[PDB]
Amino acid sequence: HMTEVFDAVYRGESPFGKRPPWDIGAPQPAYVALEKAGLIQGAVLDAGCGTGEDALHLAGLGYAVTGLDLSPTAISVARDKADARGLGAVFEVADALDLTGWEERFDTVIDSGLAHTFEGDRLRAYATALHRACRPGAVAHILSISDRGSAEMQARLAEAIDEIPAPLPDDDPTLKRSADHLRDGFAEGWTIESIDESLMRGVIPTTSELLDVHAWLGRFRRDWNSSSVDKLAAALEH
């Protein structure tokens, strides 16, 4: 169901035309900064990688990166970019709510704008899928648009695109994107290291203007619940 919508967007058949507002033709500044800060290690997963710009940036710095996405069209595009640039990032189709076959593969996760599509129990299914796909003690980074950021993006997109509506007034449930919904998502199997104020770069299809809007940058520590860990502990105990 959701595969088709995004695939259509990447084919260029949506109101966005050639440029979906998240497909900025560069890595997200927050992830460039996170890399320079030294907080990316080991085998990296870019979950919901889209057309691969974040993953490709990391590939160019020597990281072993895998980009996963539900849209085969996005992955086709990312693979073409990898070929043209001569970088060896792994791009494959996968449902981030499932991730069967990727068990305990990753040491770090990055997420630019996948988590913020999930709400309620779907965000927890994503958290769990990430937990299954991560090595014990892995770190997941999640860049999520805030209500403040979405209100700005919505107004700017609404002015630019006929099909998109202007945002509502007033502050005040399921459509909300506070720090709390993200905290609630990554509960079982995770520990919140930090939630920070950050930015998310987007592009306006009309002018190709780039804007940065407010976003939350979460950092979550995957626990050490693993049979491999249990076995180490048994070896030392016995």
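Note that residue numbering follows the sequence shown and begins at 1.
Asker: On mean Cα temperature factor in this entry, is 26-34 or 175-183 the higher one?
Answerer: According to the PDB entry, the answer is 175-183.
Asker: Going by the average Cα B-factor in the PDB entry, point out whether 51-59 or 184-192 comes out higher.
Answerer: According to the PDB entry, the answer is 184-192.
Asker: Taking the Cα B-factors listed in the entry, which of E92, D111, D80, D147 comes out highest?
Answerer: Highest C-alpha B-factor among the listed options: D147.
Asker: Maximum C-alpha temperature factor per the entry, among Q41, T66, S198, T206, belongs to which one?
Answerer: Comparing C-alpha B-factors across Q41, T66, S198, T206, the maximum falls on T206.
Asker: Sorting the chain's modelled residues by C-alpha B-factor, tell me whether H141 ends up in the lowest, middle or highest third.
Answerer: Lowest third - that is where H141 ends up once the chain's C-alpha B-factors are sorted.
Asker: Based on the deposited C-alpha B factors for this chain, I'd like to know if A215 is in the lowest, middle or highest third.
Answerer: Answer is middle: the recorded C-alpha B-factor places it there.
Asker: How does the C-alpha B factor of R124 compare with the rest of the chain: lowest, middle or highest third?
Answerer: Its C-alpha B-factor belongs to the highest third of this chain's values.
Asker: Quick check on the deposited entry: does the C-alpha B-factor of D107 sit in the lowest, middle or highest third of its chain?
Answerer: Lowest third of the chain for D107's C-alpha B-factor.
Asker: Should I164 be placed in the lowest, middle or highest third of its chain by the C-alpha B factor in the entry?
Answerer: CA B-factor rank for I164: highest third.
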